[PDB]
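Peer 1: Starting off with a structure, shown below.
Protein chains in written order, with full-length UniProt numbering: chain A, 1477 to 1797, 1800 to 1824, 1841 to 1908, 1915 to 1983, 1992 to 2083; chain B, 213 to 285, 319 to 422.
Here it is, written out as structure tokens:
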């Protein structure tokens, strides 16, 4: 039959042409970030490709809902992946949702297919049928916790799916994701979250310690503590009482040893508090440090992947500003499972720690988590940036332990062009160029990070310049609502080549554009993480942050237009 | 409001009926009691009497020893039809008193609810299996699947029903679990 085959081939030819045009456009966009007319390609076919792009972008809502039908006729997986290749029309999503809701057994590819089914209705909260989610595969943890947030109404099947996906990971991931699990208890209408918490705590040990620290810290509201949380304080305290005591034996011995050691090292600052600032405080703290005894087998909670060996008895030093004090511990790193074996049975470096009393240490945790996620993304893709995730832990209301980078050289307490020249020689040597490269590597990453996270009120005291040449930002306390979007003075602009037409400026621009393009597609995880913490009533969360954060990612735009937008933002961020 | 001995006076009559062998008068009085229009105070009574009537009708006599409720030896014509109707109404207005597996501190009410669900679905299965109708049975267990969280019986029965109906992949997945 002639006509049958004629249409049968023509339709698929058109679909393939459209898909190939989109792929070619995306690839050539990633090729060179800037327009760069000097770096061109074949001219003949590009005009035809662009004309076909306009022709297929000029169609209407009809004859566009049938391409989804044709794709589903070919194969369900292609239809599922169709909306990812962005087409500026919402009808594709609705049609795909209808098709998958008609029969969901065909697709069982875990990551993206469930999001077309899990929402029968976002807030309407009706029709509990055909929801046989028991067949699906586990997803990433952040997506699973969204079913306990303030977005979806409670439902048993989603809770079972969430506990199933959370019950299939090694302890390291949940140890990373701990601060959100406890906060998720606010919406625990059922008993699933609490029983999972007891099950996990009875399974391993370090996660139980992190538990006990977190519900000990977060039970109250203020740093000093004069009003408790009216919502979840009571059952929080009940859980704290219940979890401990049930364990016994060597676990009990380890718990007693570690907690007694931590209390004996914590009360030292309070003991030396009465002494005023001066040499007398130094002598008192040194005598206390000499008084400090160490029981072998303990560990530093900020780094649960190491075993402490000894201390430097003459290093006790408070900082200017409350008695926050510094210490130096020589430790050895072994691992995690080996640490568990050592704890139950009961190379080498030196680290500096800062103990602080009288301030909050939670927004820093959230920022550190986001930074670590960004670094992992960049490492996976295969780029060359640099950030440092210094560890920070909160152990009691107002009480925090901050890990410090050894050999710290703060820029402000240490003219940048003059120092660069006199320290690393003339422009024609090797160390100068290496320092410049490291400077650019750190600067691009941190500029992108600060633009994304909207951290304001920055000064010259929050910057630390290591010996290699990298730059490190600190004091992210004011964030998301508190206070020129990108800091750019003249000294680094001079150092980077003398002009914006210098080659290092082009390197900086291309690296920033590529980083933004790589980091764009994880807004869902970012939004889930920020929304789970939204409720805690920090001086930053005022309610409207979600919409602004979602808009700043540019979610409804193509690659070339996003690159144009980011380049325009960077250009306008110069004075 | 809520007395104490009126229900005793109502119930000991059928207790004596069915303990002295007066099966015909007992089932007739059960039927007439069911004929009363339900109010907000008789739902549990009609629960109990309907369950007992379904049991005794299913395991008490053959088909050739039954007649319509209006007559005397929607209008049902055979015993399993009225039993099915009774089971549907009972489960339909029972499904709204569930406990939905919270277990914060209490369990006993959850155990009683699980027992009632297990027995009602057991009667549904024994009623529908003999007549070779498996599609509606499979859909019934699929709807019922909400309660169970770590219970072997419902998973086993659902897998068996799915595998005996024609569908295979879902049966394979449930069998793996």
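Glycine included, every Cβ here is placed at the ideal spot set by N, Cα and C.
Starting from residue 1803(A), trace the beta strand (DSSP E) in both directions and tell me its first and last residue.
Peer 2: The residue labelled residue 1803(A) in the question sits at position 325 within the first chain. It spans 1803-1810 - the beta strand (DSSP E) in which residue 1803(A) sits, taken as one unbroken run.
Peer 1: Tell me, which residues are paired with residue 1770(A) by DSSP?
Peer 2: Here residue 1770(A) corresponds to residue number 294 of the first chain, with the count starting at 1. Paired residues: none, contrary to the question.
Peer 1: Mind checking who residue 1963(A) pairs with in its DSSP beta bridge?
Peer 2: Within the first chain, the letter at position 463 stands for residue 1963(A). Beta-bridge pairing links residue 1963(A) to 1973(A).
Peer 1: Quick check on residue 1632(A) - is its C-beta less than 8 Å from some C-beta in chain B?
Peer 2: Position 156 of the first chain, counted from the start, is the residue given in the question as residue 1632(A). Yes, residue 1632(A) counts as interfacial toward chain B.
Peer 1: Does the separation of the CB atoms of residue 1505(A) and residue 2071(A) fall below 8 Å?
Peer 2: On the first chain, residue 1505(A) is found 29 positions in, with the first residue counted as 1. On the first chain, residue 2071(A) is found 563 positions in, with the first residue counted as 1. Their beta carbons are under 8 Å apart, which means residue 1505(A) touches residue 2071(A) by this criterion.
Peer 1: I'd like the list of long-range same chain contacts for residue 1961(A), defined as Cβ closer than 7 Å, with 5 residues on each side in sequence excluded.
Peer 2: If you number the first chain from 1, residue 1961(A) lands on position 461. Same-chain partners within the cutoff: 1906.
Peer 1: On the three-pair Cβ rule with 8 Å, is the region 1592-1600 of chain A touching the region 1525-1542 of chain A?
Peer 2: no
Peer 1: List the endpoints of the continuous alpha helix (DSSP H) containing residue 2035(A).
Peer 2: If you number the first chain from 1, residue 2035(A) lands on position 527. Its alpha helix (DSSP H) spans residues 2031-2042.
Peer 1: Strictly under 8 Å for the Cβ-Cβ distance: is residue 347(B) near chain A by that measure?
Peer 2: Residue 347(B) sits at position 102 when you count from the first residue of the second chain. Interface criterion met: the Cβ of residue 347(B) is under 8 Å from a Cβ in chain A.
Peer 1: Taking 8 Å as the cut-off, decide whether the C-beta atoms of residue 2078(A) and residue 1994(A) are in contact.
Peer 2: By one-based count along the first chain, residue 2078(A) stands at place 570. By one-based count along the first chain, residue 1994(A) stands at place 486. Yes.
Peer 1: Taking 8 Å as the CB-CB cut-off, is residue 1666(A) touching chain B?
Peer 2: What you label residue 1666(A) is simply residue 190 of the first chain in a count that begins at 1. Cβ-Cβ to chain B under 8 Å: yes for residue 1666(A).
Peer 1: Check whether the Cβ of residue 394(B) lies closer than 8 Å to any Cβ atom in chain A.
Peer 2: Reading the second chain from its first residue, position 149 is the one you call residue 394(B). Yes - at least one Cβ of chain A is within 8 Å of the one on residue 394(B).
Peer 1: Return the CA-CA distance between residue 1986(A) and residue 1593(A), expressed in angstroms with no decimal places.
Peer 2: Note on chain A: numbering goes from 1983 to 1992 directly, and residue 1986(A) within that interval has no coordinates.
Peer 1: Do residue 1587(A) and residue 1615(A) have their C-beta atoms closer together than 8 Å?
Peer 2: Taking the first residue of the first chain as position 1, residue 1587(A) is located at position 111. Taking the first residue of the first chain as position 1, residue 1615(A) is located at position 139. Yes. Within cutoff.
Peer 1: Residues of chain B with a CB under 8 Å from the CB of residue 1636(A): which are they?
Peer 2: Numbered from 1 along the first chain, position 160 holds the residue referred to as residue 1636(A). Within 8 Å Cβ-Cβ: 394.
Peer 1: Which whole-angstrom value describes the C-beta separation of residue 1695(A) and residue 1707(A), a residue pair presumed to lie in contact below a C-beta threshold of 8 Å?
Peer 2: Within the first chain, the letter at position 219 stands for residue 1695(A). Within the first chain, the letter at position 231 stands for residue 1707(A). Residue 1695(A) to residue 1707(A), Cβ: 12 Å. No contact.
Peer 1: Measure the Cβ-Cβ separation of residue 1785(A) and residue 1809(A) and say whether it is below 8 Å.
Peer 2: Along the first chain, one-based indexing puts residue 1785(A) at 309. Along the first chain, one-based indexing puts residue 1809(A) at 331. Yes, the Cβ-Cβ distance between residue 1785(A) and residue 1809(A) is below 8 Å.
Peer 1: Give me the Cβ distance between residue 262(B) and residue 331(B), rounded to the nearest whole Å; I'm assuming they're in contact under 8 Å.
Peer 2: Position 50 of the second chain, counted from the start, is the residue given in the question as residue 262(B). Position 86 of the second chain, counted from the start, is the residue given in the question as residue 331(B). With a Cβ gap of about 5 Å, residue 262(B) and residue 331(B) count as contacting.
Peer 1: Inspect the CB distances between the region 1997-2016 of chain A and the region 1846-1855 of chain A and report whether three or more fall short of 8 Å.
Peer 2: no
Peer 1: Applying the 10 Å Cβ sphere with the 16-neighbour rule, what's the burial state of residue 1842(A)?
Peer 2: Residue mapping note: residue 1842(A) aligns to position 348 of the first chain, counting from 1. Looking at its Cβ environment, which holds fewer than 16 other Cβ atoms inside 10 Å, residue 1842(A) is exposed.
Peer 1: Using a Cβ-Cβ cut-off of 8 Å, state whether residue 421(B) counts as contacting chain A.
Peer 2: Locating residue 421(B) in the second chain gives position 176, counting from the first residue. For residue 421(B), the answer is no, since every Cβ of chain A falls outside 8 Å of its Cβ.
Peer 1: I'd like the span of the beta strand (DSSP E) that includes residue 1613(A), first residue to last.
Peer 2: Stepping through the first chain from its first residue, residue 1613(A) is reached at position 137. Going by DSSP, residue 1613(A) is part of no beta strand (DSSP E) at all; its letter is neither H nor E.
Peer 1: So, using beta-carbon positions, are residue 1801(A) and residue 1748(A) closer together than 8 Å?
Peer 2: Position 323 of the first chain holds residue 1801(A). Position 272 of the first chain holds residue 1748(A). In this structure, residue 1748(A) lies closer than 8 Å to residue 1801(A) by Cβ.
Peer 1: Tell me the start and end of each unbroken beta strand (DSSP E) in the UniProt repeat "TPR 3" (363-396) of chain B that is at least 3 residues and wholly inside, in chain order.
Peer 2: none
Peer 1: If residue 1790(A) sits next to residue 1846(A), beta carbons under 8 Å apart, how far is it from one beta carbon to the other, in whole angstroms?
Peer 2: Here residue 1790(A) is taken as the residue at index 314 of the first chain, counted from 1. Here residue 1846(A) is taken as the residue at index 352 of the first chain, counted from 1. Rounded, the Cβ-Cβ distance is 14 Å, inconsistent with contact.
Peer 1: Could you check where the alpha helix (DSSP H) with residue 1745(A) kicks off and where it finishes?
Peer 2: Position 269 of the first chain, counted from the first residue, corresponds to residue 1745(A). Counting along the chain, the alpha helix (DSSP H) containing residue 1745(A) begins and ends at 1725-1747.
Peer 1: What first and last residue would you give for the alpha helix (DSSP H) that runs through residue 1889(A)?
Peer 2: For the purposes of this step, residue 1889(A) is identified with residue 395 of the first chain, where counting begins at 1. Looking at the DSSP string, residue 1889(A) is not in any alpha helix (DSSP H); the run it does join, the beta strand (DSSP E), is 1886-1890.
Peer 1: Taking CB distances under 8 Å as the criterion, tell me whether residue 418(B) reaches chain A.
Peer 2: Here residue 418(B) is taken as the residue at index 173 of the second chain, counted from 1. So, interface residue.
Peer 1: Does the Cβ-Cβ distance between residue 372(B) and residue 358(B) come in under 8 Å?
Peer 2: The residue labelled residue 372(B) in the question sits at position 127 within the second chain. The residue labelled residue 358(B) in the question sits at position 113 within the second chain. The answer is no: Cβ separation not under 8 Å.
Peer 1: Could you tell me whether the Cβ atoms of residue 1937(A) and residue 1971(A) are closer together than 8 Å?
Peer 2: Here residue 1937(A) corresponds to residue number 437 of the first chain, with the count starting at 1. Here residue 1971(A) corresponds to residue number 471 of the first chain, with the count starting at 1. The answer is no: Cβ separation not under 8 Å.
Peer 1: Nearest by alpha-carbon distance to residue 1549(A): which of 1918(A), 1697(A), 1572(A), 1816(A) is it?
Peer 2: On the first chain, residue 1549(A) is found 73 positions in, with the first residue counted as 1. The option with the nearest alpha carbon to residue 1549(A) is 1572(A).
Peer 1: Taking Cβ positions, are residue 1658(A) and residue 1690(A) nearer each other than 8 Å?
Peer 2: On the first chain, position 182 is the one that residue 1658(A) refers to. On the first chain, position 214 is the one that residue 1690(A) refers to. Between residue 1658(A) and residue 1690(A), the gap from beta carbon to beta carbon is short of 8 Å.
Peer 1: Going by the DSSP bridge assignment, what does residue 1894(A) pair with across the sheet?
Peer 2: Translated into the one-based positions of the first chain, residue 1894(A) becomes position 400. The partner list for residue 1894(A) (beta bridge, DSSP) reads 1850(A), 1888(A).
Peer 1: Give me the Cα-Cα distance between residue 1951(A) and residue 2052(A), rounded to the nearest whole angstrom.
Peer 2: For the purposes of this step, residue 1951(A) is taken as the residue at position 451 of the first chain. For the purposes of this step, residue 2052(A) is taken as the residue at position 544 of the first chain. Computed Cα separation, rounded: 18 Å.
Peer 1: The alpha helix (DSSP H) spanning residue 1918(A) covers which residue range?
Peer 2: One-based indexing of the first chain puts residue 1918(A) at position 418. Its alpha helix (DSSP H) spans residues 1916-1924.
Peer 1: CB residue 1876(A) to CB residue 1681(A), shorter than 8 Å?
Peer 2: As a first step, residue 1876(A) is located in the first chain; it is residue number 382 there, counting from the start. As a first step, residue 1681(A) is located in the first chain; it is residue number 205 there, counting from the start. The answer is no: Cβ separation not under 8 Å.
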